[PDB]
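Working notes, beginning with the structure itself.
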Amino acid sequence: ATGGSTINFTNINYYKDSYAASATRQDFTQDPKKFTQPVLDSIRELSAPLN
Amino acid sequence: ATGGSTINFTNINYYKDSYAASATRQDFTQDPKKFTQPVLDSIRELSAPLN
Amino acid sequence: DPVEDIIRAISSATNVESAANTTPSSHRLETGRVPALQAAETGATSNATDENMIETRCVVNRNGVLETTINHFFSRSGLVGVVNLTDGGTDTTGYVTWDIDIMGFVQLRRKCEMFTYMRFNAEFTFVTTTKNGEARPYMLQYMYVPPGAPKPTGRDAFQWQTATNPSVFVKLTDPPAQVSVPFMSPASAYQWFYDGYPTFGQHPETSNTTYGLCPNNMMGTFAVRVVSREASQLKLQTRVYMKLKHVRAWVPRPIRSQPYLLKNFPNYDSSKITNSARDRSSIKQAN
Amino acid sequence: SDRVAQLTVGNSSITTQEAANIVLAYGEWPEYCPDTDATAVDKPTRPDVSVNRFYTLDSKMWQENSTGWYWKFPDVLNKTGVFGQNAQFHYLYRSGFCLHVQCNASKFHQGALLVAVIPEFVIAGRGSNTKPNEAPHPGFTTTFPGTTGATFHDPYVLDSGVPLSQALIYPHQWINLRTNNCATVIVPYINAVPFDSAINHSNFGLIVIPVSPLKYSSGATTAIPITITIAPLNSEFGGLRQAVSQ
Amino acid sequence: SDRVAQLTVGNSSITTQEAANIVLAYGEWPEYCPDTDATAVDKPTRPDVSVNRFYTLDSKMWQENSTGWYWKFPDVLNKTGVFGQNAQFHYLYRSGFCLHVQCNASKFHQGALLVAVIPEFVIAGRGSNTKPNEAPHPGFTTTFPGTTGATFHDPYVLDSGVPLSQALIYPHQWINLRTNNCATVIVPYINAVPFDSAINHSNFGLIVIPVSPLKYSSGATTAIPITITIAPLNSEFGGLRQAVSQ
Ligand SMILES: CCCCCCCCCCCCC/C=C/[C@H](O)[C@H](N)CO
């Protein structure tokens, strides 16, 4: 945290093109549930999977 | 003191990272009483220490 | 309800922007009030002051206190290492690795060892010259090889592809390279003193080579080469200067009076101990 | 209301009629690990009164040539009581300590003892060898003395290569035989990590040294011991497994 | 809150751990001369911290046959420090004093000292001669001893022909080696004129006398000194001229 009044500037671009710029803007998005649990019928952690 | 309208800028950072920056923001905080006088019962300067 | 027995710091902080002032104090003739007498057996220092010992004037004190903070004390670059790259004729490796230990050079070592725990950032500058001194227009590679990463086996070996390892490409005729490094310890602070062993097991009483070596300080290796195919004939040293910034420090400890011997060990001479203060002719002659 | 103290911890208690205040190291009390600083997910164990209490080592006897002794903590306690057992079955230890040192003599005796608490106290090989191969190192029985304590070869440089005169940076107190017969320091948990292994790592050593030597005129008592009593304030243990003594 | 005292005057200060109150002679503090009592028109000088401060004479050593010593004030201070210089260049002196006497010994010693302050203390010739011609008188070195002090030939009659037992009319205190190691009296300026010559006239003498003799059993310390430390509270000087030592 901290960094009071550090006036950061990075993403400013000197060219008319978008791909000339510098990464990132980051991303915090995740969706593990599509790779880890890609099943039709949802299964709870309490219940046994197969009944 | 003095330095009327000198428009100082230092802490401005050119990178997306906090550790890329330059010291300091300083600090004026002190707590000598923890090293110099670390005793339970507080002792005044007037009174004799041991009574 | 049925079983009842189941059911801070005294010191505080104050900003000090200048040296302390002095208030006027007159004499005192009376009993019961004794600022001079102290008892040091409590481990606390005498709190007696200028103003209760003598008669003083008033001094507004604008002396600055600022330069002595741990930030300003520790932010300076000083030599943490030297790397010798032959690359020349005869036996030729073509590269040199330097394990990163800043305890190898005494002058910056004694400042750090005033403290048990330290958490900081870093600014490394690489000043490379030739054997005597000069700069030719040769391209260089400074690569960081973190723990577990393959160390390069040759001048041209594949570990220099550095698809991941950070590397710096620089010409000897360019101003010295410089980078910022974070706090990489897997613990929460660096520690220059570790009383303990890294692993379990039975420890030899004859020779303990593992005593006192903290795992948390192993930062990987620094490796140099000359970017090229055949070889150069030159021979060069790289000097490595580390600056500490954003630094915090804990638990101050005494400053070392004995000559250092080894990087990683506080070994000193059982013979030959040097006194901390030079000796005079008699205790009754101040000079 | 000062020189008389009583300390009660667990089923144990200590009285002293001659005492110089109490030192609270670095201005903090021992405490349990806060949820924000903690890392290991499993639930620690907190025995309270069975571990936290005064254990009393054997007494070190006090002579004119004595160079001074040291101990390591928790190491002195790893074989004793329920504290020694928990530290063997758990991989993760945290706590503070309350240290108490008893030395008494009579108004015709004299001397002084420096009692200090040294975080990360590293002993040092003694020799002129500058090669890390041929260079000497201390033995395990030296690095970690146990209950029996160890002794200084060079008490002036504190065996670590550092001057004794500056030891007054650590939380300390003096036993000055004309003034007080005990020294008590309350040490918080200090370490760069919240938990650690009691077996592999000792947080801090204790040090008793004769800055001014013992003197008594003939006919008085020659036998002076130095007794040590230490209590583990606020203990936690984690990472339960089988027993490992070392 | 009684037996422990500190006195701070000027750049000097005195601590004592064993003391019996403090005597303020005749219930007054020293003070500067009020405009109504003053006579001389010229402006006095008031150095404050350079004159007013504790000066310490040599120590008088304490024996079984000792009959006791005396000093004269300001006379003891006329050659010392900046106080001695001002008193030589000025014809008119006024001030008070704070007197402090240090004698210590050990719980196996015994004795008592009478410490008194005698305004206008006149020594006396010793002889049977009733003719003012043939009758003896004391010498200047006796009347005004200086720093070196003087001694009593007849301590019982105080060398003035007056019984010692009634000396308790003057501001006094005792040093009783089982009770206190110091005696302190704060003397106001006393005189029949507001200013006077420090050189020609001594306001009052100090007196230390063994009413009960020193005793110690063999093997204890034979050497006991008596040290004297005196400070000139509230000093004034007038009538500036060249320097006259006498
Ligand atoms: C492009 C090259 C960059 C080189 C980056 C190297 C950064 C390494 C981290 C340095 C942090 C301080 C070093 C660690 C402390 C002491 O050396 C320990 N005693 C090591 O044993």
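Residue numbering restarts at 1 in every chain; chains get A, B, ... in the order shown in the structure tokens, and ligands count up from 1 in that same order.
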
- Message: Just want the 10 Å neighbourhood of residue 18 in chain D, counted on only C-alpha atoms, with same-chain residues fewer than 2 positions away dropped. Output as JSON, numbers by chain.
- Response: {"D": [2, 3, 4, 5, 15, 16, 20, 21, 104, 179, 180, 181, 182, 183]}

Kindly export the residues of the current selection with N, CA and C atoms, as a CSV table (one decimal), in the first residue's frame.
chain,number,residue,atom,x,y,z
D,2,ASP,N,8.5,-1.1,45.6
D,2,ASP,CA,9.3,-1.3,44.4
D,2,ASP,C,10.2,-2.5,44.6
D,3,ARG,N,11.1,-2.4,45.6
D,3,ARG,CA,12.1,-3.5,45.8
D,3,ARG,C,11.5,-4.8,46.2
D,4,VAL,N,10.2,-4.9,46.5
D,4,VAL,CA,9.6,-6.2,46.8
D,4,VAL,C,8.7,-6.6,45.7
D,5,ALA,N,8.9,-7.8,45.2
D,5,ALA,CA,8.1,-8.2,44.0
D,5,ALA,C,7.6,-9.6,44.2
D,15,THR,N,9.1,-15.0,44.8
D,15,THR,CA,9.1,-13.8,45.6
D,15,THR,C,10.6,-13.3,45.6
D,16,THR,N,10.7,-12.0,45.7
D,16,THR,CA,12.0,-11.4,45.9
D,16,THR,C,11.9,-10.1,46.7
D,20,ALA,N,15.5,-4.7,41.3
D,20,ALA,CA,15.5,-3.5,40.6
D,20,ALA,C,14.6,-3.5,39.5
D,21,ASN,N,13.4,-2.9,39.7
D,21,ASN,CA,12.3,-2.8,38.7
D,21,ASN,C,12.1,-4.2,38.0
D,104,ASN,N,22.6,-14.2,45.6
D,104,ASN,CA,22.7,-13.4,46.8
D,104,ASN,C,24.0,-13.6,47.5
D,179,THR,N,23.1,-4.0,46.0
D,179,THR,CA,21.9,-3.3,45.6
D,179,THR,C,20.7,-4.3,45.4
D,180,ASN,N,20.8,-5.3,44.5
D,180,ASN,CA,19.8,-6.2,44.2
D,180,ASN,C,20.3,-7.6,44.1
D,181,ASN,N,19.5,-8.6,44.5
D,181,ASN,CA,19.9,-10.0,44.4
D,181,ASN,C,19.2,-10.7,43.3
D,182,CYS,N,18.4,-10.0,42.4
D,182,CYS,CA,17.8,-10.7,41.3
D,182,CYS,C,17.8,-9.8,40.1
D,183,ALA,N,17.7,-10.3,38.9
D,183,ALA,CA,17.5,-9.6,37.7
D,183,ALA,C,16.4,-10.3,36.9

- Message: Could you go through range 30-221 of chain D and tell me which residues DSSP, when run on the backbone, assigns to alpha helix (DSSP H), listing them as a VMD selection string?
- Response: chain D and resid 81 to 89 140 to 143

Could you please take those selected residues and save N, CA and C atoms as a compact mmCIF listing (two decimals), in the first residue's frame?
# COMPACT_ATOMS: atom_id res chain seq x y z
N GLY D 81 9.69 -31.06 31.44
CA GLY D 81 8.29 -30.77 31.67
C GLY D 81 7.40 -31.03 30.48
N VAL D 82 6.18 -30.49 30.51
CA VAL D 82 5.30 -30.64 29.36
C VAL D 82 5.74 -29.70 28.24
N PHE D 83 6.55 -28.69 28.54
CA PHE D 83 7.05 -27.81 27.49
C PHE D 83 8.01 -28.55 26.58
N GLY D 84 8.81 -29.44 27.15
CA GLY D 84 9.74 -30.19 26.34
C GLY D 84 9.05 -31.20 25.46
N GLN D 85 7.90 -31.70 25.90
CA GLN D 85 7.20 -32.71 25.13
C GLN D 85 6.47 -32.08 23.95
N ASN D 86 5.76 -30.98 24.18
CA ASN D 86 5.07 -30.32 23.08
C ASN D 86 6.04 -29.89 21.99
N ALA D 87 7.22 -29.41 22.37
CA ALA D 87 8.17 -28.94 21.37
C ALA D 87 8.73 -30.08 20.54
N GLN D 88 8.65 -31.32 21.04
CA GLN D 88 9.11 -32.47 20.26
C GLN D 88 8.06 -32.98 19.30
N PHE D 89 6.79 -32.86 19.64
CA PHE D 89 5.75 -33.40 18.78
C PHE D 89 5.23 -32.39 17.78
N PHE D 140 28.07 -28.84 18.34
CA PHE D 140 26.66 -28.76 18.69
C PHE D 140 26.46 -28.57 20.18
N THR D 141 27.21 -29.31 21.00
CA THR D 141 27.11 -29.17 22.45
C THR D 141 27.52 -27.79 22.93
N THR D 142 28.32 -27.07 22.16
CA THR D 142 28.64 -25.67 22.42
C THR D 142 27.57 -24.72 21.92
N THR D 143 27.25 -24.76 20.63
CA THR D 143 26.19 -23.91 20.07
C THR D 143 24.90 -24.00 20.88

- Task: Can you work out the spacing between CA of residue 150 in chain D and CA of residue 190 in chain C in Å, to one decimal?
- Result: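 Between CA of residue 150 in chain D and CA of residue 190 in chain C the gap works out to 28.4 Å.
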
- Message: To check your reading of the model: which residues sit at most 10 Å from ligand 1 when counting only C-alpha atoms and all ligand atoms? Write the answer as number ranges by chain.
- Response: C: 80, 99-104, 109, 112, 118-126, 141-146, 165-169, 177-185, 190-193, 213-224, 240, 242-244, 263-264

Do you have, as CSV, the list of residues of chain E lying at most 6 Å from chain C, each with its nearest atom pair and that distance in Å to one decimal, counting only C-alpha atoms and ordered by chain then number?
residue,atom,partner,partner_atom,distance
E:1,CA,C:32,CA,4.0
E:2,CA,C:32,CA,5.0
E:4,CA,C:32,CA,5.4
E:5,CA,C:31,CA,4.2
E:6,CA,C:34,CA,4.9
E:7,CA,C:29,CA,5.2
E:8,CA,C:27,CA,5.1
E:9,CA,C:27,CA,5.0
E:10,CA,C:55,CA,5.4
E:11,CA,C:54,CA,4.8

Mind dumping the selected residues with N, CA and C atoms as a compact mmCIF listing (two decimals), in the first residue's frame?
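Okay, selection.txt is ready:
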# COMPACT_ATOMS: atom_id res chain seq x y z
N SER E 1 12.09 10.89 51.03
CA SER E 1 11.83 12.26 50.63
C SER E 1 12.48 13.25 51.59
N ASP E 2 13.36 12.75 52.44
CA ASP E 2 14.04 13.61 53.40
C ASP E 2 15.55 13.41 53.36
N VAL E 4 17.53 12.11 51.36
CA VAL E 4 18.18 12.26 50.07
C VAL E 4 17.99 13.69 49.58
N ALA E 5 19.10 14.36 49.30
CA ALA E 5 19.02 15.75 48.87
C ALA E 5 19.95 15.98 47.70
N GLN E 6 19.59 16.98 46.89
CA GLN E 6 20.50 17.48 45.87
C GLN E 6 20.48 19.01 45.96
N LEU E 7 21.65 19.60 45.84
CA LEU E 7 21.78 21.05 45.83
C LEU E 7 22.47 21.45 44.55
N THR E 8 21.85 22.33 43.77
CA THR E 8 22.42 22.79 42.51
C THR E 8 22.57 24.30 42.57
N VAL E 9 23.81 24.78 42.47
CA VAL E 9 24.11 26.21 42.46
C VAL E 9 25.14 26.48 41.38
N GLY E 10 24.78 27.29 40.39
CA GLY E 10 25.71 27.59 39.32
C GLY E 10 25.94 26.38 38.44
N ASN E 11 27.20 26.15 38.08
CA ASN E 11 27.60 24.99 37.31
C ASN E 11 27.99 23.82 38.20

- Query: Where in range 11-67 of chain E does DSSP assign strand (DSSP E), given as a list in words?
  - Reply: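 Selection result, strand (DSSP E) within range 11-67 of chain E: residues 12, 13, 14, 15, 16, 23, 24, 55, 56, 60, 61 and 62 of chain E.
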
Which residues are near residue 117 in chain E? Cut-off 9 Å, only C-alpha atoms, ignore same chain within fewer than 2 positions. Put them as a PDB file with N, CA, C and O atoms, in the first residue's frame.
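Saved file around32.pdb follows:
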ATOM      1  N   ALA E  25      19.571  29.728  58.614  1.00  0.00           N
ATOM      2  CA  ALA E  25      19.980  30.475  59.789  1.00  0.00           C
ATOM      3  C   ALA E  25      19.030  31.624  60.072  1.00  0.00           C
ATOM      4  O   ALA E  25      18.802  32.479  59.216  1.00  0.00           O
ATOM      5  N   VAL E 115      28.885  21.281  64.160  1.00  0.00           N
ATOM      6  CA  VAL E 115      29.059  22.235  63.076  1.00  0.00           C
ATOM      7  C   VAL E 115      28.200  23.441  63.401  1.00  0.00           C
ATOM      8  O   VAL E 115      26.982  23.310  63.535  1.00  0.00           O
ATOM      9  N   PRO E 119      28.338  34.292  63.970  1.00  0.00           N
ATOM     10  CA  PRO E 119      28.486  35.666  63.497  1.00  0.00           C
ATOM     11  C   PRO E 119      29.437  36.442  64.386  1.00  0.00           C
ATOM     12  O   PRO E 119      29.374  36.355  65.610  1.00  0.00           O
ATOM     13  N   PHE E 121      32.909  36.202  64.864  1.00  0.00           N
ATOM     14  CA  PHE E 121      33.618  35.213  65.673  1.00  0.00           C
ATOM     15  C   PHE E 121      35.026  35.721  65.972  1.00  0.00           C
ATOM     16  O   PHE E 121      35.912  35.766  65.121  1.00  0.00           O
ATOM     17  N   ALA E 167      27.078  26.815  72.374  1.00  0.00           N
ATOM     18  CA  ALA E 167      27.186  27.082  70.950  1.00  0.00           C
ATOM     19  C   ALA E 167      25.946  26.671  70.186  1.00  0.00           C
ATOM     20  O   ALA E 167      25.869  26.930  68.983  1.00  0.00           O
ATOM     21  N   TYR E 170      23.786  29.287  68.026  1.00  0.00           N
ATOM     22  CA  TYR E 170      24.044  29.607  66.643  1.00  0.00           C
ATOM     23  C   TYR E 170      23.385  28.574  65.764  1.00  0.00           C
ATOM     24  O   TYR E 170      23.100  27.461  66.205  1.00  0.00           O
ATOM     25  N   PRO E 171      23.115  28.910  64.516  1.00  0.00           N
ATOM     26  CA  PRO E 171      22.628  27.892  63.589  1.00  0.00           C
ATOM     27  C   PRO E 171      23.654  26.779  63.502  1.00  0.00           C
ATOM     28  O   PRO E 171      24.828  27.021  63.226  1.00  0.00           O
ATOM     29  N   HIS E 172      23.211  25.554  63.740  1.00  0.00           N
ATOM     30  CA  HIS E 172      24.153  24.450  63.830  1.00  0.00           C
ATOM     31  C   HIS E 172      23.524  23.206  63.224  1.00  0.00           C
ATOM     32  O   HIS E 172      22.420  23.250  62.679  1.00  0.00           O
ATOM     33  N   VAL E 185      24.047  24.244  56.232  1.00  0.00           N
ATOM     34  CA  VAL E 185      23.427  25.441  56.798  1.00  0.00           C
ATOM     35  C   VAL E 185      23.452  26.538  55.749  1.00  0.00           C
ATOM     36  O   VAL E 185      24.460  26.717  55.063  1.00  0.00           O
ATOM     37  N   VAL E 187      23.258  30.430  55.277  1.00  0.00           N
ATOM     38  CA  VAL E 187      23.474  31.615  56.100  1.00  0.00           C
ATOM     39  C   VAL E 187      23.055  32.840  55.303  1.00  0.00           C
ATOM     40  O   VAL E 187      23.510  33.012  54.169  1.00  0.00           O
ATOM     41  N   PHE E 204      31.522  35.777  59.470  1.00  0.00           N
ATOM     42  CA  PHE E 204      31.314  34.692  60.415  1.00  0.00           C
ATOM     43  C   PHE E 204      32.303  33.575  60.133  1.00  0.00           C
ATOM     44  O   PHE E 204      32.770  33.398  59.009  1.00  0.00           O
ATOM     45  N   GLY E 205      32.616  32.822  61.179  1.00  0.00           N
ATOM     46  CA  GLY E 205      33.460  31.652  61.064  1.00  0.00           C
ATOM     47  C   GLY E 205      32.622  30.391  61.024  1.00  0.00           C
ATOM     48  O   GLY E 205      31.452  30.400  61.393  1.00  0.00           O
ATOM     49  N   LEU E 206      33.232  29.308  60.556  1.00  0.00           N
ATOM     50  CA  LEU E 206      32.646  27.974  60.604  1.00  0.00           C
ATOM     51  C   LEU E 206      33.451  27.149  61.592  1.00  0.00           C
ATOM     52  O   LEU E 206      34.646  27.382  61.759  1.00  0.00           O
ATOM     53  N   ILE E 207      32.804  26.200  62.248  1.00  0.00           N
ATOM     54  CA  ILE E 207      33.411  25.450  63.336  1.00  0.00           C
ATOM     55  C   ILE E 207      33.012  23.991  63.242  1.00  0.00           C
ATOM     56  O   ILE E 207      31.829  23.665  63.147  1.00  0.00           O
TER      57      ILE E 207
END

- Message: For a quick test of understanding: name the residues of chain B lying within 12 Å of chain D when counting only C-alpha atoms, and present them as a ChimeraX atom specification.
- Response: /B:31-43,48-51

- Message: Set the distance at 10 Å and use only C-alpha atoms: which residues neighbour range 29-34 of chain D once local chain neighbours fewer than 2 positions away are removed? I'd like the list as a PyMOL selection string.
- Response: (chain C and resi 8-10) or (chain D and resi 24-27+36-39+44+46+94-98+186-190+194-195+232-236)

Give me a file of those residues, with N, CA, C and O atoms, as a CSV table (one decimal), in the first residue's frame.
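File out-v7.csv, as written:
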chain,number,residue,atom,x,y,z
C,8,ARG,N,-0.3,-4.1,23.7
C,8,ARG,CA,0.1,-2.8,24.2
C,8,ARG,C,1.6,-2.6,24.4
C,8,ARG,O,2.4,-3.5,24.5
C,9,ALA,N,2.0,-1.3,24.4
C,9,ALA,CA,3.4,-0.9,24.6
C,9,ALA,C,3.3,0.4,25.4
C,9,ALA,O,2.5,1.2,25.1
C,10,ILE,N,4.3,0.6,26.3
C,10,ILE,CA,4.3,1.8,27.1
C,10,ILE,C,4.9,2.9,26.3
C,10,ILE,O,4.5,4.1,26.4
D,24,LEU,N,11.2,-4.9,30.4
D,24,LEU,CA,10.2,-5.5,29.4
D,24,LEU,C,10.9,-5.2,28.0
D,24,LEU,O,10.9,-4.1,27.6
D,25,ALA,N,11.4,-6.3,27.4
D,25,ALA,CA,12.3,-6.1,26.3
D,25,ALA,C,11.6,-5.4,25.1
D,25,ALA,O,10.6,-5.9,24.7
D,26,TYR,N,12.2,-4.3,24.7
D,26,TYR,CA,11.8,-3.6,23.5
D,26,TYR,C,10.3,-3.1,23.7
D,26,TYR,O,9.6,-2.8,22.7
D,27,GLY,N,9.9,-2.9,25.0
D,27,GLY,CA,8.7,-2.3,25.2
D,27,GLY,C,7.4,-3.0,24.8
D,27,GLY,O,6.4,-2.4,24.6
D,36,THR,N,-3.6,-12.0,11.1
D,36,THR,CA,-3.1,-11.3,9.9
D,36,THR,C,-1.6,-11.7,9.6
D,36,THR,O,-1.2,-11.9,8.5
D,37,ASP,N,-0.8,-11.9,10.7
D,37,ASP,CA,0.5,-12.3,10.5
D,37,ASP,C,0.7,-13.8,10.3
D,37,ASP,O,1.7,-14.2,9.7
D,38,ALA,N,-0.2,-14.6,10.7
D,38,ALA,CA,-0.1,-16.0,10.7
D,38,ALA,C,-0.1,-16.5,9.2
D,38,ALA,O,-0.6,-15.8,8.3
D,39,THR,N,0.5,-17.7,9.0
D,39,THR,CA,0.6,-18.3,7.7
D,39,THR,C,0.0,-19.7,7.7
D,39,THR,O,-0.9,-20.0,6.9
D,44,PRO,N,-3.3,-24.0,16.0
D,44,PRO,CA,-2.2,-24.2,17.1
D,44,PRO,C,-2.9,-24.7,18.4
D,44,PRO,O,-4.1,-24.6,18.6
D,46,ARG,N,-2.7,-24.6,22.6
D,46,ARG,CA,-2.4,-23.5,23.6
D,46,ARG,C,-2.6,-24.1,25.0
D,46,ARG,O,-3.7,-24.0,25.6
D,94,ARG,N,6.1,-21.0,19.0
D,94,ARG,CA,6.2,-19.6,19.3
D,94,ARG,C,5.9,-19.3,20.7
D,94,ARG,O,5.0,-20.0,21.3
D,95,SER,N,6.6,-18.4,21.3
D,95,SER,CA,6.2,-17.9,22.7
D,95,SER,C,7.3,-16.8,23.1
D,95,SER,O,8.3,-16.7,22.4
D,96,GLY,N,7.0,-16.2,24.2
D,96,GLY,CA,8.0,-15.4,24.9
D,96,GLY,C,8.5,-16.1,26.2
D,96,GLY,O,8.2,-17.3,26.4
D,97,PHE,N,9.2,-15.3,27.0
D,97,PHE,CA,9.8,-15.9,28.2
D,97,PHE,C,9.8,-14.8,29.3
D,97,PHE,O,9.7,-13.6,29.0
D,98,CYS,N,9.9,-15.2,30.5
D,98,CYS,CA,10.2,-14.4,31.7
D,98,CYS,C,11.4,-15.0,32.4
D,98,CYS,O,11.3,-16.1,32.9
D,186,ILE,N,11.5,-9.6,30.8
D,186,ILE,CA,10.4,-10.3,30.2
D,186,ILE,C,10.5,-10.1,28.7
D,186,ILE,O,10.4,-9.0,28.1
D,187,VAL,N,10.8,-11.2,28.0
D,187,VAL,CA,11.2,-11.2,26.6
D,187,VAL,C,9.9,-11.5,25.7
D,187,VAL,O,9.3,-12.5,26.0
D,188,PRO,N,9.6,-10.7,24.7
D,188,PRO,CA,8.6,-11.1,23.8
D,188,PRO,C,9.1,-12.1,22.7
D,188,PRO,O,10.3,-12.3,22.7
D,189,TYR,N,8.2,-12.7,22.0
D,189,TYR,CA,8.7,-13.5,20.9
D,189,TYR,C,9.3,-12.6,19.8
D,189,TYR,O,8.6,-11.7,19.3
D,190,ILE,N,10.5,-12.9,19.5
D,190,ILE,CA,11.3,-12.1,18.5
D,190,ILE,C,11.8,-13.1,17.5
D,190,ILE,O,12.3,-14.1,17.9
D,194,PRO,N,6.7,-15.9,12.0
D,194,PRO,CA,5.8,-16.0,13.2
D,194,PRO,C,6.1,-17.3,14.0
D,194,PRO,O,6.1,-17.2,15.2
D,195,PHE,N,6.2,-18.5,13.4
D,195,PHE,CA,6.5,-19.7,14.1
D,195,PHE,C,7.9,-20.2,13.6
D,195,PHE,O,8.4,-19.8,12.6
D,232,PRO,N,7.8,-19.7,30.1
D,232,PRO,CA,7.4,-19.5,28.7
D,232,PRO,C,6.1,-18.8,28.6
D,232,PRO,O,5.1,-19.5,28.5
D,233,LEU,N,6.0,-17.5,28.7
D,233,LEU,CA,4.7,-16.7,28.5
D,233,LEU,C,4.2,-16.9,27.1
D,233,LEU,O,4.9,-16.9,26.1
D,234,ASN,N,2.9,-17.2,27.1
D,234,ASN,CA,2.1,-17.2,25.8
D,234,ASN,C,2.7,-18.2,24.8
D,234,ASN,O,3.2,-17.7,23.8
D,235,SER,N,2.5,-19.5,25.0
D,235,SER,CA,3.1,-20.5,24.1
D,235,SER,C,2.1,-21.0,23.1
D,235,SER,O,0.9,-21.1,23.4
D,236,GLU,N,2.5,-21.3,21.9
D,236,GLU,CA,1.7,-21.9,20.8
D,236,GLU,C,2.6,-23.0,20.2
D,236,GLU,O,3.8,-22.9,20.2

Residues of chain A that approach chain B to 9 Å or less, counting only C-alpha atoms: could you list each one with the shortest pair of atoms and its distance in Å to one decimal, rows by chain and increasing residue number, as a tab-separated table?
residue	atom	partner	partner_atom	distance
A:3	CA	B:18	CA	7.8
A:4	CA	B:25	CA	8.7
A:5	CA	B:11	CA	7.8
A:6	CA	B:12	CA	5.2
A:7	CA	B:12	CA	4.9
A:8	CA	B:13	CA	5.0
A:9	CA	B:14	CA	5.7
A:10	CA	B:14	CA	5.8
A:11	CA	B:16	CA	9.0

Please produce an output containing N, CA, C and O atoms for each residue in the selection, written as a short mmCIF file (atom, residue, chain, number, x, y, z; two decimals), in the first residue's frame.
data_model
loop_
_atom_site.label_atom_id
_atom_site.label_comp_id
_atom_site.auth_asym_id
_atom_site.auth_seq_id
_atom_site.Cartn_x
_atom_site.Cartn_y
_atom_site.Cartn_z
N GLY A 3 2.69 4.69 -0.35
CA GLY A 3 2.95 5.46 -1.55
C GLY A 3 2.07 6.69 -1.71
O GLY A 3 1.45 6.88 -2.76
N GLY A 4 1.99 7.51 -0.67
CA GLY A 4 1.18 8.71 -0.72
C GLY A 4 1.72 9.77 -1.67
O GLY A 4 2.85 10.23 -1.52
N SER A 5 0.88 10.18 -2.63
CA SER A 5 1.25 11.16 -3.65
C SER A 5 2.55 10.78 -4.35
O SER A 5 3.55 11.50 -4.23
N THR A 6 2.55 9.65 -5.07
CA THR A 6 3.69 9.25 -5.86
C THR A 6 3.58 9.60 -7.34
O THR A 6 4.55 9.40 -8.08
N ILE A 7 2.43 10.13 -7.78
CA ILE A 7 2.17 10.59 -9.15
C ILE A 7 2.76 9.64 -10.20
O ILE A 7 3.72 9.97 -10.90
N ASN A 8 2.18 8.45 -10.31
CA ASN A 8 2.63 7.45 -11.27
C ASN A 8 2.04 7.70 -12.66
O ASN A 8 0.84 7.96 -12.81
N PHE A 9 2.90 7.62 -13.67
CA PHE A 9 2.44 7.62 -15.06
C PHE A 9 3.23 6.61 -15.89
O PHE A 9 4.46 6.68 -15.97
N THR A 10 2.53 5.67 -16.50
CA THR A 10 3.16 4.67 -17.35
C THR A 10 2.46 4.58 -18.70
O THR A 10 3.09 4.75 -19.75
N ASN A 11 1.15 4.31 -18.69
CA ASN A 11 0.42 3.92 -19.89
C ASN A 11 0.38 5.02 -20.95
O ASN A 11 -0.09 4.76 -22.06
#

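All of the residues in chain D within 12 Å of chain E are residues 107, 108 and 217 of chain D, where only C-alpha atoms were counted.
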
Written selection (N, CA, C and O atoms) as a PDB file, in the first residue's frame:
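File written: result_26.pdb
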ATOM      1  N   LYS D 107      26.488  -8.456  53.076  1.00  0.00           N
ATOM      2  CA  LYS D 107      26.917  -7.069  52.978  1.00  0.00           C
ATOM      3  C   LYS D 107      28.422  -6.894  53.024  1.00  0.00           C
ATOM      4  O   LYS D 107      28.890  -5.775  52.816  1.00  0.00           O
ATOM      5  N   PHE D 108      29.189  -7.938  53.315  1.00  0.00           N
ATOM      6  CA  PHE D 108      30.633  -7.898  53.154  1.00  0.00           C
ATOM      7  C   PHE D 108      31.121  -8.462  51.824  1.00  0.00           C
ATOM      8  O   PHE D 108      32.331  -8.609  51.649  1.00  0.00           O
ATOM      9  N   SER D 217      36.227 -10.971  52.076  1.00  0.00           N
ATOM     10  CA  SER D 217      37.359 -11.151  52.972  1.00  0.00           C
ATOM     11  C   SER D 217      37.225 -12.471  53.716  1.00  0.00           C
ATOM     12  O   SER D 217      36.115 -12.923  54.004  1.00  0.00           O
TER      13      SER D 217
END

- Can you work out the spacing between CA of residue 229 in chain D and CA of residue 149 in chain D in Å, to one decimal?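 The value is 13.1 Å.
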
- Item | Non-local contacts of residue 28 in chain B (8 Å; only C-alpha atoms; under 6 positions in same chain excluded) as a list in words |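 Surrounding residues, per the criterion: residues 14, 15, 16, 17 and 66 of chain C.
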
With C-alpha atoms retained, could you export that selection as a PDB file, in the first residue's frame?
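Writing done, so here's selection_31.pdb:
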ATOM      1  CA  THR C  14       6.884  11.385  18.368  1.00  0.00           C
ATOM      2  CA  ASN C  15       8.007  13.371  15.332  1.00  0.00           C
ATOM      3  CA  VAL C  16      11.337  15.151  15.901  1.00  0.00           C
ATOM      4  CA  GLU C  17      12.322  17.550  13.134  1.00  0.00           C
ATOM      5  CA  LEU C  66      17.387  14.335   9.537  1.00  0.00           C
TER       6      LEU C  66
END
